[PDB]
Each structure stands twice: as C-alpha cells, then as structure tokens.
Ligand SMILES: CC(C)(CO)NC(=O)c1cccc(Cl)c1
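Let's start with one chain on its own, the form deposited without the ligand, as structure tokens.
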C-alpha cells in the first residue's frame, strides 16, 4: 500500500515490471500496463496465476477467483477480471483520480538511459517523476555494473602492476578512474573485501587505497549497493523573506570576508540560494565565512565526494574552532582532524550518502554540478534546515553518466539546482577569478560565463596555443595522440622551465603515454577539477564530443595559475583561445 507516483491517490498496486516497483493507482496502473510491455502488477500479493505450474503473469489475462488469481485456463467458474473497466483491481478502488497522459511516466519507466532525451525528461517532468526517474536511473546504473565480468589476479608481475584474467561471456569495464573496483580474498567458504582499487593499461597498473601483497586468486568487481527509494523533492519550496530569518549576523567581520557580506544576508533572506562560483573565485572561502558571519548558526557542510567534504574541512580548520567541528564517516582515508561521527556538533562535515537525520540552521551543499537529483532528494530527506545554500558551477563537470551514448547532456539538465542556475540564473555569482592569468579568464568568461567573469591577475604572456591534429590511435576505451605528445616534448626541450608543468588531457591512455615520454605529473581533466597548478600543458588528443565539451575545456584551462600551453585538435575551441599562437616545428 502506497501512493500513486502520478496521482498520489492511495493504492495497493505497484508495477512489477518497473525496476523500482512504483505505486500506481487503479487508473494510472491500467493506463500504464495497456500502453507498454509492463504487465506484471504487484499488490499485497503479486497479480500472478496461482495455478500449479502456470506461467501467466500478465494482469490483463488474470482473474480474481475465490481469493486467488488465475488465468483464463485455470480460473474457477466464479471470478472477475483483475484488469478491466479502464482500471486495475486492488485496494482503495474508489479513491482514484488518474491522469490525462501517462506518457512521461512510461518513457521514464521503459527507457534504457542511453539517449540524452531520457535525462532531459528526467529533469523537466513533475517533481514526483523526477524522484522516480532518479531512482530508476540509479538502479539501472547499478545493475549495469553487474553486467561486467570478474577480473581475477592471474600473475603478480611486480608491485603496482598486475596480470588480470577476465570472466568469459561478460564485457570488461573501461579501465579508468570512473570505475573503482574492490578486491576480494579467496577463502574457505566465502570471501572478504580487501579495499577499493582502480586499474589502468600497463599487464595493468593498479592504484588501490590500501597497500597489500596481493597474490593470484584475488579478484575485482565494481562494488554495487542498494538504491533506496526517494521521498523528498530535489528542492524544497522556495520562500523569500523580508528580513534575515533564523540567523543573527556578527557585528564585527574581517576584510577577508567583507566582499561576501551582501551575499551572506541574501542567504538569510530566502529558503534556498544558489551560488555560482567559477574556478578560483572563492567557493570554500564563501562557505566557511558564512559560519563566521552567523557565528551561532549550526551548519551542515555536505557534498557528494569525500574529497569535496575534506576540502571544506581543510578550509574550516583554518578559520573555525576545531572543537565545534565534526567529520561524519560511515563504518577510504578522509579528513581526520575533527572528532568523528558527532552529529550534534555545531559544524558537521559529511558526504550526502552518509548524512544523519538531523536539523540545521544552514545546509551548504558544495560542488553542485557533480550532484544528481538522487543526491538532491537525499539531502532534503535527511536535513531539515532554515536555509539551503547550493554552491558550485554549472560550467564545470557533472557526475559521469555511464549509460548515456546518444546526445550530450547540457548543464541545465545536470540536476534541478543547475537547471535553475541556467534558466533563471544563480542567486549569487563570484565574479572575480583570483587563480588564472587574464588570458585564461577572458577565454572562459566569453566561453561559458556570459562575459561576467573578471580577472584578478594581469596577463601572464605565458598562455600559448598550437593547432596540431597529429595522429589519433585508440585502444579498448581511450585515445592516444602520440604526435601531440611529440610536439610537447619538442616544446619542453626548447623551454625547459615548462618541466614543472602538469600534463592534462581528456584521456587516461593519452596521459599514460605522456607520463612515460615527458615525465610530467598527469591528470585527466575530470580528475583535475578542484586542483590548481602553476603551469599546465594540455593536449586535446581528439576532436570528439568528449574532448570538445565546453565544461571540460573550461575546467582544463582553469587549472593554471601562471602559464598554459594548449595543443588543440578542434579548430573551434582553438580559435576561442585568447592565447598566443605558436607554430609547429
């Protein structure tokens, strides 16, 4: 017994072909079963034929006879069809409203999440269907991980390098950082975890959390977890106030945070607020200074990733009383300078999926581009706050969507917060980039910030661009452009001071090749988000949709504090680079 995801009419019916088994009222359930392939209906019991050795589960072919369900062949003389009168039979039949169109639900219920239009629909449908979509998507993503074959340690060639044997008949997952495995130790009659691991083409290079002397027989699977059902909306109802509500500003602030005072007051004058903070504009500084501006307020700092929460902890360690802070960790090495798992402390730092059920004066949700609607709903389910502040940048990278193959996901569809920020605009905008040379700031300001992002630094004269297609090779799931790496090598010989640079590319296999040929530390754009370096050398590698993505390209070039060299494949983005052009030797 539950509530119909389209009507909220009370019902005893859940669609049993939908992987999330959502409640559907007599009408909506009927309109759903008759217009799709979904025919299994679940009640207090399942609408299935109770005959001995019968296979009929289709609700339109079943009858309630006695107090059992039967198909036409096995029904008793007295019975009535379960699925008739434009309605499916179950409890609470009289209270039932129906919907004019079941079209959005059916599409969410039946899609395979490989078309961009699936995520577009999932972020523009009714709020209740946003929750059903976010569950259905995340369950589908978790199930797809089970499709991958087990990888088994066949030979330990060295330390940090292995030799894997793969399960027959199942595909192999890509070997990049977006796929984290878990080892398992072979035992008497079961298995135990041995940490979480990542792999890369060698043999295979493995970068695991904890070191071991792992030997043959150990194996790796992308660890899955149970997806819980959602209840809270992705955003609470907005409320605007005429005075600061539930918060008491300090009367003495320092000139370190004075630039944020007006925004801090805005935070107290509405129920939720959105803060767009481009690279290097002071997002964590903003978030910690909020605590100092409202020194009595209890604040929960949250984000999806442990690294994002830790970075808030590192900023709070600099400005806030360590005794008033606590890092929540469920039973990976994270921040360990606060007391652990103290929910009732004034400042709580905790990832979304480990959040306790509690209240707070302010909730700060950081790196919001990386959130999904599932995360948005979970936060609202766990935390009841006077104020919610969503901090991030819809021009930076989103959570990877593994199932998506047809079409690109635009920032307004990353999640509900990003949609608001791209349609009505963010409540607050951090307009001055303190990190990057002006050539880089001017580029991304025009590229993704509607010319609103201003530079703090001057031009460095150390931002260069080269147009060089090179030669693209592919391995199992990545791309390599050795001629672009050769161009960088020739550049380094003539400019050896650039050997303090970090090498960045959109592809892990490109980085592996560059690490060996150049010796520079390497980062994928996606892994570099949130970090900064004095000098960056970037090879676009290809012109794909992946390597030309403007959020990825924005993140890539905004890692640099002083200088950057971009070897570009795409003529488009090359022409957009307000960098000094260099010639190919």
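Whichever C-alpha set is largest while still superposing within 1.5 Å between the two forms counts as the rigid core. Positions refer to the first chain, counted from 1.
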>> Which of the two stretches, 233 to 241 versus 74 to 82, has its Cα atoms farther on average from this form in 9 other deposited structures of this protein when everything is superposed by the rigid core?
In response: 74 to 82
> How do 487 to 495 and 399 to 407 compare in 9 other deposited structures of this protein: which one has C-alphas farther from this form after the rigid core is matched?
Replying inline: 487 to 495
> How about residue 454: is it missing in a third or more of the other compared entries?
Replying inline: no
> At least a third of the other compared entries lacking residue 350?
Replying inline: no
>> Gap size between residue 202 and residue 203, counting deposited residues with no coordinates: none, 1 to 3, 4 to 9, or 10 or more?
In response: 4 to 9
>> Between residue 331 and residue 332, what class does the number of missing deposited residues fall in: none, 1 to 3, 4 to 9, or 10 or more?
In response: 1 to 3
>> Going by the mean C-alpha B-factor recorded in the entry, which is higher: 220 to 228 or 311 to 319?
In response: 220 to 228
> Looking only at CA atoms, which has the higher mean B factor in the entry: 47 to 55 or 520 to 528?
Replying inline: 47 to 55
> Which one of 284, 187, 443, 373 shows the top CA temperature factor in the record?
Replying inline: 187
> Among 454, 406, 482, 266, which residue carries the highest C-alpha B-factor recorded in the PDB entry?
Replying inline: 406
>> Lowest, middle or highest third: which one holds residue 499 when the chain's residues are ordered by CA B-factor from the entry?
In response: lowest
>> Ranking the modelled residues of this chain by C-alpha B-factor as given in the entry, is residue 327 in the lowest, middle or highest third?
In response: middle
> What third of its chain's C-alpha B-factors does residue 15 belong to: lowest, middle or highest?
Replying inline: highest
> For residue 27, does the deposited CA B-factor place it in the lowest, middle or highest third of the chain?
Replying inline: highest
> Which third of the chain does residue 181 land in by C-alpha B-factor: lowest, middle or highest?
Replying inline: highest
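The following text describes the form solved in complex with the ligand, which does not appear among the structures shown.
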>> Can you tell me whether the pocket in this form is open or blocked when the ligand is overlaid from where it sits in the deposited bound form, based on ligand atoms within 2.4 Å of backbone or C-beta (3 or more = blocked)?
In response: open
> in the deposited bound form, do 155, 214 and 217 all put a heavy atom within 4.5 Å of the ligand?
Replying inline: no
> Any idea which of 205 to 213, 155 to 163, 110 to 118, 487 to 495 reaches within 4.5 Å of the ligand in the deposited bound form, heavy atoms considered?
Replying inline: 487 to 495
>> Please tell me whether any heavy atom belonging to residue 1 falls inside 4.5 Å of a heavy atom of the ligand, as the geometry stands in the deposited bound form.
In response: no
>> Can you tell me whether residue 468 touches the ligand? I mean in the deposited bound form, with a 4.5 angstroms heavy atom cut-off.
In response: no
> With a 4.5 Å heavy atom cut-off, would you call residue 464 a contact of the ligand in the deposited bound form?
Replying inline: yes
>> Can you list, in sequence order, the residues from 547 to 585 that come within 4.5 Å of the ligand in the deposited bound form, counting heavy atoms only?
In response: 582, 583, 585
